[PDB]
>>> print(open('data_39.csv').read())   # CSV, C-alpha atoms
chain,number,residue,atom,x,y,z
D,277,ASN,CA,-5.1,145.2,-148.7
D,278,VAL,CA,-8.1,147.0,-150.1
D,279,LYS,CA,-9.6,143.6,-150.9
D,280,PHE,CA,-10.6,143.1,-147.3
D,281,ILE,CA,-12.3,146.4,-147.0
D,282,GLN,CA,-13.4,146.6,-150.6
D,283,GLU,CA,-15.3,143.4,-150.2
D,284,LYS,CA,-16.8,144.6,-146.9
D,285,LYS,CA,-18.5,147.8,-148.0
D,286,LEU,CA,-19.2,146.7,-151.6
D,287,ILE,CA,-20.5,143.2,-150.9
D,288,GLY,CA,-22.5,144.4,-148.0
D,289,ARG,CA,-24.0,147.3,-150.0
D,290,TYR,CA,-25.2,144.7,-152.4
D,291,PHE,CA,-27.0,142.4,-150.1
D,292,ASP,CA,-28.2,145.2,-147.9
D,293,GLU,CA,-29.8,147.5,-150.5
D,294,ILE,CA,-31.5,144.4,-151.9
D,295,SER,CA,-32.8,143.9,-148.4
D,296,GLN,CA,-34.9,147.0,-149.2
D,297,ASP,CA,-36.5,145.3,-152.3
D,298,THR,CA,-34.9,148.0,-154.4
D,299,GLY,CA,-34.1,145.6,-157.2
D,300,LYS,CA,-31.0,147.7,-157.8
D,301,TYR,CA,-28.8,144.6,-157.8
D,302,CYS,CA,-28.3,141.2,-159.5
D,303,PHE,CA,-26.2,138.0,-158.9
D,304,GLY,CA,-24.5,135.5,-161.2
D,305,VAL,CA,-22.8,135.8,-164.5
D,306,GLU,CA,-25.7,136.1,-166.9
D,307,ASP,CA,-27.5,138.6,-164.8
D,308,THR,CA,-24.3,140.5,-163.7
D,309,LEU,CA,-23.3,140.5,-167.4
D,310,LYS,CA,-26.8,141.5,-168.8
D,311,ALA,CA,-27.1,144.4,-166.3
D,312,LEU,CA,-23.6,145.5,-167.4
D,313,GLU,CA,-24.9,145.5,-170.9
D,314,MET,CA,-28.0,147.3,-169.6
D,315,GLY,CA,-25.8,150.1,-168.3
D,316,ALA,CA,-27.9,149.8,-165.2
D,317,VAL,CA,-24.9,148.5,-163.1
D,318,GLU,CA,-23.2,151.2,-161.0
D,319,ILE,CA,-20.7,148.8,-159.4
D,320,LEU,CA,-19.7,145.2,-160.3
D,321,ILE,CA,-19.0,142.6,-157.6
D,322,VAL,CA,-16.7,139.8,-158.9
D,323,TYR,CA,-14.3,137.7,-156.8
D,324,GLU,CA,-10.7,137.0,-157.5
D,325,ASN,CA,-11.3,133.3,-156.9
D,326,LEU,CA,-13.9,133.0,-159.6
D,327,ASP,CA,-14.4,129.5,-161.0
D,328,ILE,CA,-16.7,130.7,-163.7
D,329,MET,CA,-15.3,131.1,-167.2
D,330,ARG,CA,-16.7,132.1,-170.6
D,331,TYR,CA,-16.5,129.6,-173.5
D,332,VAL,CA,-18.0,130.0,-176.9
D,333,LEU,CA,-19.8,127.1,-178.5
D,334,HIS,CA,-20.6,127.3,-182.2
D,335,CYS,CA,-21.5,124.9,-185.1
D,336,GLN,CA,-20.6,125.2,-188.8
D,337,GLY,CA,-24.3,125.4,-189.5
D,338,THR,CA,-24.3,128.8,-187.8
D,339,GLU,CA,-27.9,128.0,-186.9
D,340,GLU,CA,-27.4,127.7,-183.2
D,341,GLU,CA,-24.6,129.7,-181.4
D,342,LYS,CA,-24.2,129.1,-177.7
D,343,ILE,CA,-22.0,131.0,-175.2
D,344,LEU,CA,-22.4,130.4,-171.5
D,345,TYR,CA,-20.7,129.8,-168.1
D,346,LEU,CA,-19.5,126.4,-167.0
D,347,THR,CA,-18.2,125.2,-163.6
D,348,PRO,CA,-15.6,122.4,-163.1
D,349,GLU,CA,-18.4,119.8,-163.3
D,350,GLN,CA,-20.3,121.6,-166.1
D,351,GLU,CA,-17.5,121.6,-168.7
D,352,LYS,CA,-16.9,117.9,-167.7
D,353,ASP,CA,-20.4,116.9,-168.5
D,354,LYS,CA,-20.3,118.5,-172.0
D,355,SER,CA,-24.0,117.6,-172.4
D,356,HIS,CA,-25.0,121.3,-172.2
D,357,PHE,CA,-22.7,122.0,-175.2
D,358,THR,CA,-25.1,120.0,-177.3
D,359,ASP,CA,-28.9,120.4,-177.7
D,360,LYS,CA,-31.9,118.2,-178.4
D,361,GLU,CA,-33.1,120.8,-180.8
D,362,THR,CA,-30.0,120.5,-183.0
D,363,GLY,CA,-28.6,117.1,-182.0
D,364,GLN,CA,-25.2,118.4,-183.1
D,365,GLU,CA,-21.9,118.8,-181.2
D,366,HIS,CA,-20.9,122.4,-180.8
D,367,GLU,CA,-17.3,123.5,-181.5
D,368,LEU,CA,-15.6,125.7,-178.9
D,369,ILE,CA,-13.9,128.6,-180.7
D,370,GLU,CA,-12.2,130.2,-177.7
D,371,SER,CA,-12.1,130.2,-173.9
D,372,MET,CA,-11.7,133.3,-171.8
D,373,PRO,CA,-11.3,133.7,-168.0
D,374,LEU,CA,-14.6,135.4,-167.1
D,375,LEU,CA,-13.2,137.1,-164.0
D,376,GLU,CA,-10.2,138.1,-165.9
D,377,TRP,CA,-12.5,139.3,-168.7
D,378,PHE,CA,-14.6,141.4,-166.2
D,379,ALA,CA,-11.5,143.4,-165.3
D,380,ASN,CA,-10.5,143.6,-169.0
D,381,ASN,CA,-13.3,145.8,-170.3
D,382,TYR,CA,-15.5,146.7,-167.3
D,383,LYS,CA,-14.8,150.3,-168.3
D,384,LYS,CA,-16.7,149.8,-171.6
D,385,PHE,CA,-19.8,148.7,-169.7
D,386,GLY,CA,-19.5,151.6,-167.4
D,387,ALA,CA,-19.5,149.4,-164.3
D,388,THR,CA,-17.0,149.4,-161.4
D,389,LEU,CA,-15.2,146.1,-161.6
D,390,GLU,CA,-14.3,145.5,-157.9
D,391,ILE,CA,-12.7,142.2,-156.8
D,392,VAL,CA,-13.6,140.5,-153.5
D,393,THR,CA,-13.0,137.3,-151.6
D,394,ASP,CA,-14.9,134.8,-149.4
D,395,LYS,CA,-12.5,135.5,-146.5
D,396,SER,CA,-15.0,137.9,-145.0
D,397,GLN,CA,-18.5,137.0,-143.8
D,398,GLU,CA,-20.0,139.2,-146.4
D,399,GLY,CA,-18.1,137.4,-149.2
D,400,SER,CA,-19.8,134.1,-148.3
D,401,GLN,CA,-23.2,135.7,-148.7
D,402,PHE,CA,-22.2,136.1,-152.4
D,403,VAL,CA,-20.4,132.8,-153.1
D,404,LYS,CA,-22.7,130.7,-151.0
D,405,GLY,CA,-25.8,132.7,-151.9
D,406,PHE,CA,-24.9,133.2,-155.5
D,407,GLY,CA,-21.5,132.0,-156.9
D,408,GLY,CA,-19.0,134.9,-157.0
D,409,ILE,CA,-20.5,137.3,-159.6
D,410,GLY,CA,-22.9,140.1,-158.8
D,411,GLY,CA,-24.0,143.4,-160.3
D,412,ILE,CA,-25.2,146.5,-158.6
D,413,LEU,CA,-27.6,148.8,-160.5
D,414,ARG,CA,-28.3,152.5,-160.2
D,415,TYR,CA,-32.1,152.2,-160.0
D,416,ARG,CA,-34.9,149.7,-160.5
D,417,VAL,CA,-34.8,148.3,-164.0
D,418,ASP,CA,-36.9,146.0,-166.1
D,419,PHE,CA,-35.7,142.3,-166.0
D,420,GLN,CA,-36.6,139.6,-168.6
D,421,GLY,CA,-36.7,135.9,-168.1
D,422,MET,CA,-39.8,133.7,-168.8
D,423,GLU,CA,-42.1,134.3,-171.8
D,424,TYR,CA,-44.5,137.2,-171.7
D,425,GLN,CA,-42.5,139.2,-169.2
D,426,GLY,CA,-44.0,142.5,-170.2
D,427,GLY,CA,-47.4,141.9,-168.5
D,428,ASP,CA,-47.4,138.6,-166.6
D,429,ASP,CA,-44.8,140.3,-164.3
D,430,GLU,CA,-42.6,137.2,-163.9
D,431,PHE,CA,-40.1,139.0,-161.6
D,432,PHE,CA,-42.3,142.0,-161.0
D,433,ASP,CA,-44.2,142.0,-157.7
D,434,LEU,CA,-46.1,144.9,-159.2
D,435,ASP,CA,-48.6,142.4,-160.6
D,436,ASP,CA,-50.5,142.6,-157.3
D,437,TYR,CA,-50.5,146.4,-157.6
D,438,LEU,CA,-52.6,145.9,-160.7
D,439,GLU,CA,-55.3,144.1,-158.8
D,440,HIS,CA,-55.5,147.0,-156.3
>>> encode(input="data_39.csv", output="structure tokens")
Amino acid sequence: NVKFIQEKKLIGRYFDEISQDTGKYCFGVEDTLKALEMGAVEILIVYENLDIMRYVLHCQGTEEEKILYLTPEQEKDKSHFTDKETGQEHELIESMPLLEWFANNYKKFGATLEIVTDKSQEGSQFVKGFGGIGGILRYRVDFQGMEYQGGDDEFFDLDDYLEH
């Protein structure tokens, strides 16, 4: 099965290149997804046994749409579905198997949707270190997270370069 070897070279190439501080990789759904949207991803690392799914939460008010990943415990809590800035209960419109989704249109994003498992040692590095979703990029790209990213260098170590 290609799975065994696919997960070996792919997964390893993810955690190894990152070992070079090349920032040409990302882990998780949000990141792996965003990078796919960024077209920065060269290859996608998603496991067959992915417990992460995509659910869309919306309210009639259409003033606060929310779509994020939830694990067995997350969907159970349901607290995330609501917000203290709206105090309203969202309404799930649809539910789509993320992993299944990844292989559905990965061609559109231009990323190589490759499946892998935790059977191999490398696989654990992903699931245990991340969760079962990763994204390899072609080259260093600009990432956004906290406010004032363009300058404060939240994820950019280059901030020190500025000093000297």
>>> residues_around(input="data_39.csv", residues="residue 354 (chain D)", least_positions_apart="2", cutoff="12 Å", atoms="all atoms listed in the file", output="ChimeraX atom specification")
/D:331,333,345-352,356-359,365-368
>>> write_last_selection(input="data_39.csv", atoms="C-alpha atoms", output="PDB file, keeping the file's coordinate frame")
ATOM      1  CA  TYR D 331     -16.500 129.600-173.500  1.00  0.00           C
ATOM      2  CA  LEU D 333     -19.800 127.100-178.500  1.00  0.00           C
ATOM      3  CA  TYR D 345     -20.700 129.800-168.100  1.00  0.00           C
ATOM      4  CA  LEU D 346     -19.500 126.400-167.000  1.00  0.00           C
ATOM      5  CA  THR D 347     -18.200 125.200-163.600  1.00  0.00           C
ATOM      6  CA  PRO D 348     -15.600 122.400-163.100  1.00  0.00           C
ATOM      7  CA  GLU D 349     -18.400 119.800-163.300  1.00  0.00           C
ATOM      8  CA  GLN D 350     -20.300 121.600-166.100  1.00  0.00           C
ATOM      9  CA  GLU D 351     -17.500 121.600-168.700  1.00  0.00           C
ATOM     10  CA  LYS D 352     -16.900 117.900-167.700  1.00  0.00           C
ATOM     11  CA  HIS D 356     -25.000 121.300-172.200  1.00  0.00           C
ATOM     12  CA  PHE D 357     -22.700 122.000-175.200  1.00  0.00           C
ATOM     13  CA  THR D 358     -25.100 120.000-177.300  1.00  0.00           C
ATOM     14  CA  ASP D 359     -28.900 120.400-177.700  1.00  0.00           C
ATOM     15  CA  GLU D 365     -21.900 118.800-181.200  1.00  0.00           C
ATOM     16  CA  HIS D 366     -20.900 122.400-180.800  1.00  0.00           C
ATOM     17  CA  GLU D 367     -17.300 123.500-181.500  1.00  0.00           C
ATOM     18  CA  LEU D 368     -15.600 125.700-178.900  1.00  0.00           C
TER      19      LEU D 368
END
>>> closest_residue(input="data_39.csv", among="D:362, D:420, D:296, D:425", to="residue 311 (chain D)", atoms="all atoms listed in the file")
D:420
>>> residues_around(input="data_39.csv", residues="residue 281 (chain D)", least_positions_apart="4", cutoff="10 Å", atoms="all atoms listed in the file", output="list in words")
residues 277, 285, 286, 287, 392 and 396 of chain D
>>> closest_residue(input="data_39.csv", among="D:299, D:288, D:408, D:363", to="residue 375 (chain D)", atoms="all atoms listed in the file")
D:408
>>> atom_distance(input="data_39.csv", atom1="CA of residue 371 (chain D)", atom2="CA of residue 328 (chain D)")
11.2 Å
>>> atom_distance(input="data_39.csv", atom1="CA of residue 421 (chain D)", atom2="CA of residue 369 (chain D)")
27.1 Å
>>> atom_distance(input="data_39.csv", atom1="CA of residue 307 (chain D)", atom2="CA of residue 279 (chain D)")
23.2 Å
>>> closest_residue(input="data_39.csv", among="D:378, D:290, D:385, D:301", to="residue 313 (chain D)", atoms="only C-alpha atoms")
D:385
>>> closest_residue(input="data_39.csv", among="D:335, D:374, D:320, D:429", to="residue 388 (chain D)", atoms="all atoms listed in the file")
D:320
>>> closest_residue(input="data_39.csv", among="D:284, D:310, D:289, D:395", to="residue 417 (chain D)", atoms="all atoms listed in the file")
D:310
>>> residues_near_point(input="data_39.csv", point="(-24.4, 144.6, -162.0)", cutoff="6 Å", atoms="only C-alpha atoms", output="list in words")
residues 302, 308, 311, 312, 317, 320, 410, 411, 412 and 413 of chain D
>>> axis_aligned_box(input="data_39.csv", around="region 402-409 of chain D", padding_each_side="8 Å", output="JSON")
{"center_x": -22.4, "center_y": 134.0, "center_z": -155.3, "size_x": 22.8, "size_y": 22.6, "size_z": 24.6}
>>> closest_residue(input="data_39.csv", among="D:376, D:336, D:384, D:434", to="residue 364 (chain D)", atoms="all atoms listed in the file")
D:336
>>> build_atoms(input="data_39.csv", residues="region 343-357 of chain D", atoms="N, CA, C and O atoms", output="mmCIF file, keeping the file's coordinate frame")
data_model
loop_
_atom_site.group_PDB
_atom_site.id
_atom_site.type_symbol
_atom_site.label_atom_id
_atom_site.label_comp_id
_atom_site.auth_asym_id
_atom_site.auth_seq_id
_atom_site.Cartn_x
_atom_site.Cartn_y
_atom_site.Cartn_z
ATOM 1 N N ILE D 343 -23.090 130.486 -176.008
ATOM 2 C CA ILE D 343 -22.000 131.000 -175.200
ATOM 3 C C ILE D 343 -22.483 131.148 -173.742
ATOM 4 O O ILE D 343 -23.288 132.033 -173.452
ATOM 5 N N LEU D 344 -22.012 130.289 -172.842
ATOM 6 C CA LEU D 344 -22.400 130.400 -171.500
ATOM 7 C C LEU D 344 -21.325 129.949 -170.487
ATOM 8 O O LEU D 344 -20.256 129.497 -170.897
ATOM 9 N N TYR D 345 -21.606 130.121 -169.202
ATOM 10 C CA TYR D 345 -20.700 129.800 -168.100
ATOM 11 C C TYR D 345 -20.740 128.312 -167.762
ATOM 12 O O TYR D 345 -21.801 127.694 -167.808
ATOM 13 N N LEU D 346 -19.602 127.760 -167.371
ATOM 14 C CA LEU D 346 -19.500 126.400 -167.000
ATOM 15 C C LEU D 346 -18.565 126.189 -165.789
ATOM 16 O O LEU D 346 -17.443 126.695 -165.815
ATOM 17 N N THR D 347 -19.003 125.448 -164.782
ATOM 18 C CA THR D 347 -18.200 125.200 -163.600
ATOM 19 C C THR D 347 -17.360 123.903 -163.866
ATOM 20 O O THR D 347 -17.551 123.237 -164.883
ATOM 21 N N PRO D 348 -16.430 123.547 -162.964
ATOM 22 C CA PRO D 348 -15.600 122.400 -163.100
ATOM 23 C C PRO D 348 -16.392 121.122 -163.560
ATOM 24 O O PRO D 348 -15.930 120.328 -164.379
ATOM 25 N N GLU D 349 -17.586 120.961 -162.998
ATOM 26 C CA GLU D 349 -18.400 119.800 -163.300
ATOM 27 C C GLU D 349 -19.204 120.018 -164.623
ATOM 28 O O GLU D 349 -19.476 119.057 -165.343
ATOM 29 N N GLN D 350 -19.571 121.263 -164.920
ATOM 30 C CA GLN D 350 -20.300 121.600 -166.100
ATOM 31 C C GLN D 350 -19.521 121.243 -167.395
ATOM 32 O O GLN D 350 -19.978 120.493 -168.257
ATOM 33 N N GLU D 351 -18.318 121.807 -167.498
ATOM 34 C CA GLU D 351 -17.500 121.600 -168.700
ATOM 35 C C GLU D 351 -17.171 120.080 -168.823
ATOM 36 O O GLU D 351 -16.976 119.594 -169.937
ATOM 37 N N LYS D 352 -17.140 119.363 -167.705
ATOM 38 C CA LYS D 352 -16.900 117.900 -167.700
ATOM 39 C C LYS D 352 -18.032 117.164 -168.346
ATOM 40 O O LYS D 352 -17.829 116.241 -169.133
ATOM 41 N N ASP D 353 -19.253 117.551 -167.985
ATOM 42 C CA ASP D 353 -20.400 116.900 -168.500
ATOM 43 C C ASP D 353 -20.501 117.019 -170.031
ATOM 44 O O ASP D 353 -20.692 116.029 -170.736
ATOM 45 N N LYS D 354 -20.322 118.242 -170.520
ATOM 46 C CA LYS D 354 -20.300 118.500 -172.000
ATOM 47 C C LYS D 354 -21.718 118.352 -172.587
ATOM 48 O O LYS D 354 -21.912 118.690 -173.755
ATOM 49 N N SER D 355 -22.678 117.828 -171.831
ATOM 50 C CA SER D 355 -24.000 117.600 -172.400
ATOM 51 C C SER D 355 -24.662 118.952 -172.752
ATOM 52 O O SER D 355 -25.356 119.042 -173.765
ATOM 53 N N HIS D 356 -24.423 119.979 -171.945
ATOM 54 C CA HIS D 356 -25.000 121.300 -172.200
ATOM 55 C C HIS D 356 -24.495 121.850 -173.550
ATOM 56 O O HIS D 356 -25.237 122.545 -174.244
ATOM 57 N N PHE D 357 -23.251 121.538 -173.912
ATOM 58 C CA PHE D 357 -22.700 122.000 -175.200
ATOM 59 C C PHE D 357 -23.588 121.621 -176.347
ATOM 60 O O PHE D 357 -23.692 122.353 -177.332
#
